[PDB]
Every structure is written in structure tokens, then in C-alpha cells.
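Computed from the coordinates by the stated procedures, all read-outs in this text should not be read as laboratory data. As a convention, Cβ positions derive from the backbone with ideal geometry for all residues, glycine included, and neighbour counts pool all protein chains shown.
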Amino acid sequence: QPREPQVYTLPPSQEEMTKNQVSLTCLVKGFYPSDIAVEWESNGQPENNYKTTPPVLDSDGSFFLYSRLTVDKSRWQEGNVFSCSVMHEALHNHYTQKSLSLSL
Amino acid sequence: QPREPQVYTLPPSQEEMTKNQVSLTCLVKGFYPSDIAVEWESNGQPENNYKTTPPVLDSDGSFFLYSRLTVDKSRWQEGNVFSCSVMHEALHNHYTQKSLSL
């Protein structure tokens, strides 16, 4: 049957703070079927500098993927809020979003 | 030219802790070429309950991927140390490993 995606945001590693840009991660797991859309935003505006892995088949027959938004380290360190949004047929209202920031 | 993988371990989200199993994440980014191997270990033994994404082309022409190890929450809460190891031609010794624990 359809299975609802679980969406978890994961902050950049402390070790990435030596770089000019850092990685904001959105883990989307346990979803079926594989058809899905994932996007990023901040302050209500689209954040386009991201890449998302293809869905990967898990052992339970569901799928997972990760989406990675790359941002200027200063935007992350200065407490900006980002959010990953997911569209999938097994989500209530077919939509959910999760926020990611140092300030949360 | 070849480009050295950056390897970052990320702990489970606080929101995953309501589950019986949690996800440990290994981000491997900025590597070139795409040929790479990634494995997991704990307390000096191989951990096999993981899946790794294929390499994905980044805007700068290098690749990134993620590996996800699923472990019992109890094992993570008990302080067990886990590590992601990466083999790639652009690493010193063609090998590195990064640890992750509570």
C-alpha cells in the first residue's frame, strides 16, 4: 500500500564549518510509491541551489532519498531558517515541510 | 583532476527518536571521479544494515552521495561508537574513516 514519507532535517557537521559553503540535509524515508517532489525555501522564497538523490530501494520495499541544499556558511551561522518541503501521494494534504536552523 | 572526498557524519534527527530504529548518516561530497566505496563499522566489526545512494553530479562537476545506516535506538543510546569508511583514489592512503556517537 502507499506509505507516508518521514521527513527529517539534519544540520551541517561542525566539521564542514571550515568551508565557504555548508550542506543542509533533508532525509526523506519510508515512502511508497517512488514518485515524489522535494524543494527548499527560506523566508518564504525558493532556494534553488540544491540537488536531490534518486529514490533508493530500502529492504522493506519502501524508498528513501536525501536532498542537499548548499548555502553560504555565513547564512547558516547567522541563524537563517531554511525548510525542506515534500510532495507525495501518501502525505496528508500531499504536502509537508520541516524547518532547519541553528536557531531551533 | 581527482578531487578528495569530504566525509561528514550526521547523527539521527531528534524527531526520529520516537522510532525503534534510527538513521546514522554519512555525507561524502566533492569527490571525483565517481568510483567510490563506502562501508560502516562499530566497535571493530562490520555493520551491514545500510544503503548508499548512487553518486550524484554536483554543479561543480564533482559528485556527492549519502550512506544511511539503520541501527536499533538502544544501541545508539547505549553509547556505541559507529564509523563510516570511504575508499577513493583521491584520499591519502585511498582510505578514511569518520566516527559518530552520542
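When only C-alpha pairs under 8 Å and at least 6 residues apart count, what is the relative contact order of the range B:5-102, in percent? Averaging sequence separation for qualifying contacts and normalising by length gives 32 percent for the range B:5-102. Distance between the 7 Å Cα→Cβ label points at B:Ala90 and A:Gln1: 4.6 nm.
Taking the fewest neighbouring Cβ atoms within 10 Å as the starting point, the ordered list for A:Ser83, A:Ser74 is A:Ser74, A:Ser83.
Could you give the C-alpha radius of gyration of the protein assembly as shown expressed as a fraction of 2.2 N^0.38 Å, taking N as the number of residues it contains? Please list the in-between numbers first.
Details: Rg = 16.4 Å, N = 206, 2.2 N^0.38 = 16.7 Å.
Taking the Cα Rg and dividing by 2.2 N^0.38 Å, one obtains 0.99.
In a fully extended conformation the segment linking B:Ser99 and B:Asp58 would gain 12.2 nm over its present Cα-Cα distance, using 0.36 nm per residue. When +1 charges are put on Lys and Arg Cβ atoms and -1 charges on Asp and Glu Cβ atoms, the dipole computed for the range A:32-88 relative to its Cα centre reaches about 200 debye.
As a proxy for reagent exposure, ranking B:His92, A:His88, A:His94 by other Cβ atoms within 10 Å from fewest up yields B:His92, A:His94, A:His88. If you run the Gaussian network model on chain B, springs between alpha carbon atoms under 10 Å, then out of B:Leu27, B:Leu69, B:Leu57 the most flexible one is B:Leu57. The trypsin sites (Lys or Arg not before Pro) found in the range A:1-57 that occupy coil by DSSP, while having at most 15 further C-beta atoms within 10 Å, are A:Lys19. Computed across the range A:2-104, the Kirkwood hydrodynamic radius from all distinct Cα-Cα pairs reaches 14.0 Å.
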